[PDB]
Amino acid sequence: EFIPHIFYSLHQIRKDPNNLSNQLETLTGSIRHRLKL
Amino acid sequence: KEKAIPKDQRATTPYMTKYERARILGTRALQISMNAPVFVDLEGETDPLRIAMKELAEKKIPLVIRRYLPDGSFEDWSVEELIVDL
Amino acid sequence: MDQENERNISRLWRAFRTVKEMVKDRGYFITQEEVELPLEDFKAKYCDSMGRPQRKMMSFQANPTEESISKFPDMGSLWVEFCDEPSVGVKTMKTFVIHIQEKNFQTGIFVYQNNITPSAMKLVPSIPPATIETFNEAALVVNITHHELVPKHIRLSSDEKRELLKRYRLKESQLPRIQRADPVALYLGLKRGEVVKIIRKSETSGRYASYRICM
Amino acid sequence: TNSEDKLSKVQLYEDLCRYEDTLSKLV
Amino acid sequence: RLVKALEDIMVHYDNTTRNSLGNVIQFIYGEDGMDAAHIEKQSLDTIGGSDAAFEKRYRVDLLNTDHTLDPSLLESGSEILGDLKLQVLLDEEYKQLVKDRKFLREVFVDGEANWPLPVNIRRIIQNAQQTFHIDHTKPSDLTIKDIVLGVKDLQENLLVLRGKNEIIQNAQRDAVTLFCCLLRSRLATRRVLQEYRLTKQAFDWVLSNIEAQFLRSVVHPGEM
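From first to last, the protein sequence lines stand for chains i, F, E, d and A.
The numbering of the first sequence is PDB author numbering, which starts it at 64 and goes up by one.
The numbering of the second sequence is PDB author numbering, which starts it at 70 and goes up by one.
The numbering of the third sequence is PDB author numbering, which starts it at 1 and goes up by one.
The numbering of the fourth sequence is PDB author numbering, which starts it at 31 and goes up by one.
The numbering of the fifth sequence is PDB author numbering, which starts it at 840 and goes up by one.
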């Protein structure tokens, strides 16, 4: 399953941009992983 | 003809040694220098060794290497099917 | 209790343990507890009231395991007997030979203390297909196979010998050879024309296997 | 060879395509 | 006297070493069948070091907080945590490393680590890092399955002897044992993801280059 994970990661992006760049980069990598699969 | 090994039961390396390479180049250079037909598109070369290398590059030398096992049997490998490192 | 008594007792116990190790290594069935018998039990059993070592009660018969029989169908029972006399006479050797023959044993081990008369050893090869092998007591105190420089040897069956000989495409006179008087050959009891495999360590590949033939 | 032509004919293929493009722009 | 004694010894096409009469002197030249000019000094990292350093360096655990992978290293670090097959694979790998440590300490009782061997793996990895401009500050897109299976397959594709009966198989594994030990030592999962930070492209390049450089180190039949 990639759909709910994409949804959720999307929402903690749009909820907390104030996270340090580390979390943003890691989470974007996670979304790139899910759409790659 | 009992010595010859069937093609399926060939258990020698599929790469060609430096000794086989030198022997093949020497034989081909001699044959070219004795006015043998050339199988490739010669382009401005006048040295039999270089034409031998050129023919080797496109894998067009029509020779076969026979490899002698210690007991006396032998294994036949065409020059076309031998992998040459570069 | 003079010191020489317990010195000789300890050396004899050492030789007994070494002989048991050898018999186990020849493919026979020997328990680990029997190999590790402490010297106190040895003194309790194989010594009289005066502490004299009663060698004559140590003779025993051993039989091959299931695995050895499967690998070597021809292998049979073995008998081992000690001799009390400082020198073995002709009559004692004849009695031992007759005992082995009537027991119909394929091989026997005769351990002597100091010396054997030439007429006694005249009878050694006179009982085919039985084999008689002698081991001087002073040479069995320490197990040779337990040294660091001695690699591990294994014996090969007829089928394994044939398969190796075919696969390497060889005739038996081109393999490396090992003599009969070689101590490990006596230990394993190799006859003429038998192939022994060697496993060894190597700086370049870790493990390496060689082969040799008994000539 | 006609398989990919048939696959490109249905809209949701284009949908996944520009969805991938949009995430590429976002990253 | 020396040269006259040894003048008639030659590597044959059976890979054995014999003489003019045909008697076998060695069943393999050098016991690994390698050319003497394709061999450099390399260090086996499994032998030395205390048990704590070994455990920290090579052990990875997806269920215990002590020995987890930091999710900033692996691109899929978030989802993999808590899985079951992955930890089974990692456990098999760690058991293999433990057995390798035992065996290597059995061979070299002095505890020395530097021995001559073929293929300089350090230079191959450094070339992979230099060529692809790998940035360590970003997550990598590798997969534990891919790393483990790739290393095992590369071991499966190292050949010096090409027989078909069991004898030649045993001889070939005996030949390539120590090199497989070094290869397992350098390409461990934690070392790849945490020390090198290789991507998928660089990993494939390294595996292909290692296989190619190994296959060109065997000794050529006919050498005196």
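In this text, a Cβ means the ideal position worked out from N, Cα and C, and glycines have one as well.
{"Check": "Cβ pair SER157 (chain E), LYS71 (chain E) closer than 8 Å", "Outcome": "yes"}
{"Check": "Interface flag, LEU53 (chain d) vs chain i, CB-CB below 8 Å", "Outcome": "yes"}
{"Check": "Residues that DSSP places opposite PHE135 (chain E) in a beta bridge", "Outcome": "E:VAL111"}
{"Check": "Local conformation of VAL1015 (chain A) per DSSP, three classes", "Outcome": "helix"}
{"Check": "Straight-line Cα distance separating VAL35 (chain E) from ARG17 (chain E)", "Outcome": "6 Å"}
{"Check": "Residue interval of the beta strand (DSSP E) (run including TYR211 (chain E))", "Outcome": "206-214"}
{"Check": "Simplified DSSP assignment, three categories, for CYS83 (chain E)", "Outcome": "coil"}
{"Check": "Every unbroken beta strand (DSSP E) inside the segment 849-924 of chain A [3 residues or more]", "Outcome": "863-865, 878-882"}
{"Check": "Cβ separation of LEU188 (chain E) and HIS153 (chain E), assumed to be a contact under 8 Å, to the nearest whole Å", "Outcome": "7 Å"}
{"Check": "Reference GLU1062 (chain A), options F:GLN78, F:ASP145, F:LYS87, closest by Cα", "Outcome": "F:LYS87"}
{"Check": "Span separating the alpha-carbon of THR1016 (chain A) from that of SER202 (chain E)", "Outcome": "11 Å"}
{"Check": "Inside the segment 71-99 of chain i only - beta strand (DSSP E) runs reaching at least 3 residues", "Outcome": "none"}
{"Check": "Alpha carbon of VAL946 (chain A) to alpha carbon of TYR208 (chain E), nearest angstrom", "Outcome": "12 Å"}
{"Check": "Any non-hydrogen atom of the ligand FMN within 7 Å of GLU67 (chain E) CB", "Outcome": "Absence of the ligand FMN from the depicted structure is noted, as is the absence of any ligand whatsoever, leaving it without description."}
{"Check": "Spatially closest choice to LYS1039 (chain A) from A:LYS984, A:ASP874, A:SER882, A:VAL948, by CA coordinates", "Outcome": "A:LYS984"}
{"Check": "Contact check, residue 38 (chain F) vs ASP847 (chain A), beta carbons under 8 Å", "Outcome": "Residue 38 (chain F) falls outside the range modelled here, since chain F spans only 70 to 155, and no answer is possible."}
{"Check": "Cβ pair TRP954 (chain A), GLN1011 (chain A) closer than 8 Å", "Outcome": "no"}
{"Check": "CA nearest to the CA of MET75 (chain E), picked from E:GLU81, E:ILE100, E:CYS83, E:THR65", "Outcome": "E:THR65"}
{"Check": "Beta carbon proximity, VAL57 (chain d) to chain i, threshold 8 Å", "Outcome": "yes"}
{"Check": "Members of the segment 84-106 of chain F near chain A, C-beta cut-off 9 Å", "Outcome": "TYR84, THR86, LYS87, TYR88, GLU89"}
{"Check": "Close-in-space but distant-in-sequence residues of the same chain around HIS877 (chain A) (CB under 7 Å, 5 per side omitted)", "Outcome": "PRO957, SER1056"}
{"Check": "Three-way DSSP call (helix, strand, coil) for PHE1053 (chain A) in this model", "Outcome": "helix"}
{"Check": "Contacting positions in the segment 1040-1054 of chain A - beta carbon closer than 9 Å to chain E", "Outcome": "none"}
{"Check": "Any 3 or more C-beta pairs closer than 8 Å across the segment 124-138 of chain F and the segment 93-112 of chain E", "Outcome": "no"}
{"Check": "Extent of the continuous beta strand (DSSP E) run through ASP145 (chain F)", "Outcome": "143-147"}
{"Check": "Check whether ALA121 (chain F) and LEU155 (chain F) have beta carbons under 8 Å apart", "Outcome": "no"}
{"Check": "Bridge-paired residues (DSSP) for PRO955 (chain A)", "Outcome": "A:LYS880"}
{"Check": "Selected residue, minimal CA-CA separation from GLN113 (chain E), among E:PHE29, E:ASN136, E:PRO183", "Outcome": "E:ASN136"}
{"Check": "Within chain A, the residues that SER93 (chain i) reaches when beta carbons sit closer than 9 Å", "Outcome": "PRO910, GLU914, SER915, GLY916, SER917, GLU918, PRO978"}
{"Check": "Contact between the segment 965-984 of chain A and the segment 1023-1039 of chain A (3+ Cβ pairs under 8 Å)", "Outcome": "yes"}
{"Check": "Whether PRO106 (chain F) touches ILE152 (chain F) by CB criterion (8 Å)", "Outcome": "no"}
{"Check": "Ranges of the beta strand (DSSP E) found wholly within the segment 9-65 of chain E, counting only runs of at least 3", "Outcome": "60-62"}
{"Check": "Chain-ordered residues of the segment 841-872 of chain A with a beta carbon less than 7 Å from chain F", "Outcome": "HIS851, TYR852, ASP853, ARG857, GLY861"}
{"Check": "According to DSSP, residues forming a beta bridge with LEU111 (chain F)", "Outcome": "DSSP lists no partner for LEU111 (chain F)."}
{"Check": "Nonlocal neighbours in the same chain, by C-beta distance under 7 Å from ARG1025 (chain A), ignoring five residues either side", "Outcome": "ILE960"}
{"Check": "Three-state secondary structure assigned by DSSP to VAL57 (chain d)", "Outcome": "coil"}
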